[PDB]
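Computation of the quantities below employed the complete heavy-atom set of this structure, encompassing side-chain atoms and omitting hydrogens, waters and symmetry-equivalent molecules. Per chain, numbering begins at 1; letters A, B, ... match sequence-line order.
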Amino acid sequence: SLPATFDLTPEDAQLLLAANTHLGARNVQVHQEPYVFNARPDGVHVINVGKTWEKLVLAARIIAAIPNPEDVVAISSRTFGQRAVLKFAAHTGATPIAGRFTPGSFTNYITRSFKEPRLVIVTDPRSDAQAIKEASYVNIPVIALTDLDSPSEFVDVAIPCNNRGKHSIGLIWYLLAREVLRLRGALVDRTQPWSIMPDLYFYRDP
Amino acid sequence: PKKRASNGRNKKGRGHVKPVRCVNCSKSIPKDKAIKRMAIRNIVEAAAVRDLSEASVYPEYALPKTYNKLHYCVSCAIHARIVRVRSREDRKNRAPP
Amino acid sequence: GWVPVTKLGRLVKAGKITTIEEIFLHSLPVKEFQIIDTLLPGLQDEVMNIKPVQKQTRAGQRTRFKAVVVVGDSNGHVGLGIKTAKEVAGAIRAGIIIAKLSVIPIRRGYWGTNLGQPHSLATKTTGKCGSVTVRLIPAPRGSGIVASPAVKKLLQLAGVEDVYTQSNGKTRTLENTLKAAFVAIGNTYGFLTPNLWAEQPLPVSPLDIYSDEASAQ
Amino acid sequence: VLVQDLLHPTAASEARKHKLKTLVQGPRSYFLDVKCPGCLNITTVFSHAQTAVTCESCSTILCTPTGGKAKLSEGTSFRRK
Amino acid sequence: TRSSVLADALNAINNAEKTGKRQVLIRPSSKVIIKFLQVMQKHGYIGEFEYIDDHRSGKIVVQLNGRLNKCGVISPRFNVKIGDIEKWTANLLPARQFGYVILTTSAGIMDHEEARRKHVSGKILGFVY
Amino acid sequence: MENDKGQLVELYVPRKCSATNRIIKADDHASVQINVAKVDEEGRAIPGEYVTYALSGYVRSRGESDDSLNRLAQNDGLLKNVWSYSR
Amino acid sequence: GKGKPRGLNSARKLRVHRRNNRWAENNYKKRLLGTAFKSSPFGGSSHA
Amino acid sequence: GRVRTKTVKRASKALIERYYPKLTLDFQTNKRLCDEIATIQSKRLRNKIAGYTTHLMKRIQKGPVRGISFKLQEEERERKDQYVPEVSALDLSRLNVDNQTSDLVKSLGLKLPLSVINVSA
RNA sequence: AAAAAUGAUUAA
RNA sequence: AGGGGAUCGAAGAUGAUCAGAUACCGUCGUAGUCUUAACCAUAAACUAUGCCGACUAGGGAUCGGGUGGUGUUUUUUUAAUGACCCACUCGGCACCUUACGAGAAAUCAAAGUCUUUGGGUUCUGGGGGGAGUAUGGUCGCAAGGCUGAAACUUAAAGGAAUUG
Ligand SMILES: [Mg+2]
Ligand SMILES: [Mg+2]
Ligand SMILES: [Mg+2]
Ligand SMILES: [Mg+2]
Ligand SMILES: [Mg+2]
Ligand SMILES: [Mg+2]
């Protein structure tokens with residue numbers, strides 16, 4: 001069976017609501033359609049936070065299955081995800097890729113930046129399309145932080161959130177790292193919250 | 001081979017439009033195909049705006065404008081550098097800028 | 001010697017992966033030819049044609065030679081490599097490397113009764129490259145290879161000993177003909193048959209089982 | 001997509017779809033019991049009448065035809081079914 | 001206009017199978033279609049299918065199990081002797097060990113193996129493999 | 001793959017997609033094998049014990065890989081109320 | 001589809017269409033017109 | 001023209017990477033230091049390298065430069081990258097939700113402090 | 001928006 | 001054939017340019033351009049994509065009709081209406097992304113569902129020329145249209161794309 005402790009806890013529910021992770025895109029693709037809750041006047045849709053949290057738990061279960069922690073590569077070319085992925089890579093092994101992706105990172109075995117990950121997590125499929133495509137060339141499963149209008153091609157595990165907000169992006173990365181640590185012999189306090197407060201995952205200029 | 005999906009014009013659904021004449025050469029070109037530009041120009045040049053403002057009975061005069069729709073054939077538009085032949089991939093771009 | 005760069009090469013060199021069937025089962029991309037050399041040592045080679053291609057420049061025409069190389073043991077593996085280079089020998093050598101990388105498993109079946117080892121294809125298959133369509137059809141025992149000499153040589157290097165072939169398009173384009181036949185012979189494991197209907201337990205990858213000693217720093 | 005329950009679809013989805021394009025096609029019009037202030041008679045009218053039906057007592061006009069549903073008169077009450 | 005509801009049925013099933021769908025809607029779903037589906041269901045190429053009873057012609061929802069490579073009609077329905085069944089199977093089937101050519105014989109709609117067991121022949125309807 | 005006297009004769013038996021049951025070819029470089037670690041009490045990943053799904057390059061390129069995974073996880077108990085059979 | 005009739009009772013149309021389009025071959029046209037007999041320096045002979 | 005080629009640019013950048021504290025704003029001592037922190041086959045190239053090194057230094061002094069990370073820069077960057085605010089930018093600080101958001105909370109079955117806001121088209 | 005024609009055969 | 005006949009303008013005139021210019025350019029200008037009553041029946045008459053039917057992909061628009069509103073709007077400062085907004089839906093002219101598919105490619109939501117070849121049906125083609133010629137027929141007042149060869153000749157002609 002599955003323990004009920006993994007349910008949508010009130011605290012991280014308040015966190016997601018404060019981060020506005022439920023305010024999805026105005027336009028929804030049919031592949032993201034099952035994740036929508038309901039549309040508000042002016043057109044803004046609402047993401048089912050229950051689906052978001054459940055998919056985040058599933059993604060964390062994906063991550064905590066590779067025997068090595070350094071071959072779980074995170075990608076974010078967007079400024080709002082640079083700090084988030086760097087902190088995720090600090091807390092877990094998870095060698096990161098912030099900024100330009102340098103096409104040929106997964107192919108081109110003689111490159112110095114060449115990596116052979118077993119799992120790829122990307123902040124935005126649009127901005128990070130090169131990483132997803134090259135993973136499609138080299139048999140790499142992909143978790144992605146997806147909005148309601150983000151493309152679903154080659155995206156294996158989607159997490160329906162708001163990609164237009166730095167608070168939502170940083171919080172989702174924070175929760176993913178926290179859940180991954182919980183599903184390990186390092187963060188046993190499943191009911192207790194993580195020590196450090198999640199503002200270190202948020203980008204601030206410059 | 002076929003150069004453009006919209007052959008050289010904008011006509012999909014009727015078959016005949018009407019011909020307009022080029023302003024330069026008076027070449028008969030279908031209206032959907034003619035390169036059309038809006039010439040909205042102040043009736044006085046910038047070198048003269050200050051002078052007419054100084055030499056007007058009517059203080060803060062309206063400073064009227066002139067409006068003209070110009071129809072060019074393809075040849076005259078290219079020769080006058082109105083359109084400036086583009087590359088193959090940039091040929092599809094419809095944006096005015 | 002050979003110092004592996006990828007995890008697959010590290011596993012194969014260390015000896016954790018012993019047969020190319022594991023490679024094919026997990027559909028692992030292969031990037032080093034030494035993997036193919038050490039997993040299929042009895043992989044023999046053949047050059048199909050050498051043709052010159054020319055590029056026009058200010059100072060005349062510069063000529064390079066494009067070599068077509070077919071590798072394969074007669075026990076169900078072939079690879080096709082096309083490489084252009086300044087010299088014929090260099091093009092042939094790089095073509096051998098490329099074909100070894102592009103080695104593929106084929107499915108031998110029976111035409112009628114299954115008396116003995118498989119002798120033909122399990123199903124008629126068709127491949128296309130450019131205008132050339134190649135169709136391979138299962139044939140009864142004692143039929144031989146009914147094909148043009150190039151496709152016949154590729155099929156012998158594949159291990160097929162009984163098959164009919166039907167071609168269409170400009171078959172004199174040898175590289176298109178060989179690529180089309182390579183696609184057709186590779187689609188044999190792509191075609192699903194009732195004897196493959198049974199569900200399998202979906203085994204885990206050697207890149208995950210023998211993973212603690214891979215990608216060592 | 002790629003896996004759907006075509007036999008048991010959503011009532012909101014069928015309410016969205018075209019009248020001819022549901023799992024089993026059927027009408028979306030209806031019949032109205034109509035009461036005018038003139039008398040106590042009840043007149044059964046069709047939602048998309050396409051005629052100017054008239055009451056037995058108020059024998060001038062009850063509804064006006066339109067493109068779709070009939071435009072019932074302002075001095076009139078109605079009840080579905 | 002429609003001339004073979006069986007052809008539209010098998011084309012729709014084939015397109016859903018190619019696109020990876022696990023279920024397909026068929027209309028108008030005659031009883032020849034139903035017999036064709038029962039033959040392929042007997043051999044395992046499809047799963048459960050459902051007749052929707054609208055009061056005009058019916059519908060079928062077929063559950064697809066991904067085991068079907070191609071199904072289609074042979075139009076027109078040529079008459080076939082006993083000895084031309086082998087020629088038709090050679091022409092239409094990928095292999096001699098699996099796949100079926102569907103016949104409409106006086107004994108009923110059956111597959112070519114069943115026809116050869118019954119020593120019967122008829123018109124050719126379609127194929128499945 | 002079976003000859004007269006038993007003795008299965010074949011190079012290898014290919015895997016089938018967990019979503020569409022199509023064969024994953026040896027050169028299908030867009031395919032994946034998603035691996036979900038089983039979880040015991042109080043949330044431990046217990047490495048080495050897994051539930052495995054094979055997804056084809058075709059379905060991934062089509063964009064239904066995520067919905068296929070939602071359905072498979074729902075059917076296998078990994079997820080609770082994510083995938084709805086009736087859309 | 002295919003721009004040619006398919007019905008079981010269209011054999012006359014198919015045969016006539018093949019007969020008509022057969023006239024676009026060279027050898028069939030020569031055989032049917034008897035050009036070698038009529039317009040050829042030899043009377044269809046190998047030598048003369 | 002006086003564009004400095006990649007050999008001068010890369011050698012100067014490497015010098016900045018390796019000996020930023022030792023190097024000084026002026027060409028004379030930068031040139032003298034180059035005699036032993038590097039081996040250059042020609043005095044002309046050494047002078048060019050030192051001139052570009054001191055130019056890069058005079059630019060680094062008034063703000064950082066892209067692509068160059070001297071020893072005193074990455075510790076500063078990482079220390080800046082640990083700024084933890086005392087109060088969370090998002091926390092219990094007054095939350096504001098819509099009718100649909102309240103409906104979502106009720107559907108998921110949770111109890112939170114919500115405030116009603118009606119979005120107007 | 002001045003005028004501006006021509007260039008033997010073979011010879012990769 | 002009658003009327004009309006401003007404009008522009010096959011022919012023509014005439015001035016330039018030019019080696020020549022009975023061309024381009026300039027100025028005139030008959031027939032035509034317009035109309036009525038009759039003829040003619042041809043166009044790169046083009047989407048160079050026959051027609052009918054089914055299915056397969058992700059969007060934003062727009063035209064016509066219809067449906068619905070914890071919608072607005074000039075009237076009653078809270079009425080049908082009309083006009084906008086949002087969500088749909090049927091039909092249409094079309095666009096954007098990508099092809100999973102097709103194609104020699106250019107490209108194509110059809111040019112897909114094609115050697116895994118069969119939904120129905122009409123028309124046309126069979127290397128380049130000779131040649132849409134000759135002849136016969138038929139229509140036209142004529143111009144010409146429709147139908148339409150052969151002798152003979154010849155190794156390419158041709159499509160798309162690449163480099164220069
Ligand atoms: Mg051209
Ligand atoms: Mg026209
Ligand atoms: Mg046209
Ligand atoms: Mg035409
Ligand atoms: Mg329209
Ligand atoms: Mg000809």
According to the interplanar angle, ranging from 0 to 90°, do the rings of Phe80(A) and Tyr203(A) count as parallel (below 30°), tilted (30 to 60°) or perpendicular (above 60°)?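 Taking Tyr203(A) first and then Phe80(A), their aromatic rings sit tilted (interplane angle of 30° to 60°).
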
Is the ring pair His91(A)/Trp194(A) parallel, tilted or perpendicular, if the boundaries are 30 and 60 degrees?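 Taking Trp194(A) first and then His91(A), their aromatic rings stand perpendicular (interplane angle over 60°).
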
Closest heavy-atom pair and its distance - [X], [Y]:
| X | Y | value |
| --- | --- | --- |
| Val122(A) | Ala131(A) | CG1-CB, 4.4 Å |
| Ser31(F) | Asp28(F) | OG-O, 2.7 Å |
| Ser74(C) | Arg108(C) | O-NH1, 4.1 Å |
| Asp128(A) | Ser77(A) | OD1-N, 3.1 Å |
| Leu69(F) | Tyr53(F) | CD1-CD1, 4.1 Å |
| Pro103(A) | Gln130(A) | CB-NE2, 3.6 Å |

Crowded around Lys18(E) NZ? As in, over 12 foreign heavy atoms under 6.0 Å?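 Yes, because the 6.0 Å sphere around NZ of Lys18(E) holds more than 12 heavy atoms from other groups.
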
Would you find more than 12 non-hydrogen atoms of other residues, nucleotides or ligands less than 6.0 Å from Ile110(A) atom CD1?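 Check fails, neighbour count at 12 or below.
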
How about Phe101(A) and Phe106(A): are their ring centres within less than 6.0 Å of each other?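 That pair passes the under 6.0 Å test.
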
Checking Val30(C) against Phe24(C) for the side-chain contact (heavy atoms from CB on, under 4.5 Å) test, could you report, in this order, the C-alpha distance in whole Å, the side-chain angles of both residues, the deciding distance, and whether it holds? CA-CA 10 Å; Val30(C) 177; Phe24(C) 292 144; over 6 Å; no

Less than 4.5 Å apart, any side-chain heavy atom of [X] and any of [Y]?
| X | Y | answer |
| --- | --- | --- |
| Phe154(A) | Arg60(F) | yes |
| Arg107(C) | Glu10(F) | yes |
| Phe6(A) | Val39(F) | yes |
| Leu2(A) | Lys80(F) | yes |
| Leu176(A) | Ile63(A) | yes |
| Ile121(A) | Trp173(A) | yes |
| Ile104(C) | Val78(C) | yes |
| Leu58(A) | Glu54(A) | no |

To the nearest 0.5 Å, tell me how far [X] [atom1] sits from [Y] [atom2].
| X | Y | atom1 | atom2 | answer |
| --- | --- | --- | --- | --- |
| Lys115(A) | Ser215(C) | NZ | OG | 13.0 Å |
| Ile34(F) | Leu72(F) | CD1 | CG | 10.5 Å |
| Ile35(C) | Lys13(C) | CD1 | NZ | 11.5 Å |
| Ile17(C) | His26(C) | CD1 | NE2 | 8.5 Å |
| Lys7(C) | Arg118(A) | NZ | CZ | 6.5 Å |
| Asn35(F) | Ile66(A) | CG | CD1 | 7.0 Å |

If you measure only the distance, is there a donor-acceptor pair under 3.5 Å linking the side chains of [X] and [Y]?
| X | Y | result |
| --- | --- | --- |
| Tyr35(A) | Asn70(F) | yes |
| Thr6(C) | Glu32(C) | yes |
| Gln32(A) | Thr146(A) | yes |

Determine, stepwise, if the pair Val51(F) / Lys38(F) fulfils side-chain contact (heavy atoms from CB on, under 4.5 Å). CA-CA 7 Å; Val51(F) 289; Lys38(F) 296 173 189 174; 4.1 Å; yes

Would you call [X] and [Y] a salt bridge, using N to O less than 4.0 angstrom?
| X | Y | value |
| --- | --- | --- |
| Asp81(H) | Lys87(A) | yes |
| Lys55(A) | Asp66(F) | no |
| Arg190(A) | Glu179(A) | yes |

Could you go through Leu154(C) and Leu80(C), starting from their C-alpha distance and side-chain angles, then the distance that decides it, and tell me whether this counts as side-chain contact (heavy atoms from CB on, under 4.5 Å)? CA-CA 9 Å; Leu154(C) 166 76; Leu80(C) 177 69; 5.6 Å; no

Is there a donor-acceptor pair closer than 3.5 Å between any side-chain N or O of [X] and the backbone N or O of [Y]?
| X | Y | answer |
| --- | --- | --- |
| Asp124(A) | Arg126(A) | yes |
| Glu153(A) | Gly63(F) | no |
| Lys16(F) | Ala198(C) | yes |
| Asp73(C) | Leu40(C) | no |

Apply side-chain contact (heavy atoms from CB on, under 4.5 Å) to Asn65(E) and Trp197(C), showing your working. CA-CA 10 Å; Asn65(E) 53 348; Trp197(C) 282 359; over 6 Å; no

Before giving the answer on side chain to side chain donor-acceptor pair (under 3.5 Å), spell out for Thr95(A) and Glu70(A) the whole-Å C-alpha distance, their side-chain angles and the decisive distance to 0.1 Å. CA-CA 5 Å; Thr95(A) 62; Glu70(A) 70 272 16; over 6 Å; no

Using the side-chain contact (heavy atoms from CB on, under 4.5 Å) rule, pick out the option among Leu187(A), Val188(A), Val180(A) that qualifies with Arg184(A).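 It is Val180(A), the one option of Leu187(A), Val188(A), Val180(A) that forms the side-chain contact (heavy atoms from CB on, under 4.5 Å) with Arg184(A).
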
On the ring face of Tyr58(F), is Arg22(F) found with NZ or CZ under 6.0 Å from the centre and within 45° of the axis?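 Relative to the ring axis of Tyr58(F), which defines the angle, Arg22(F) lies inside both limits.
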
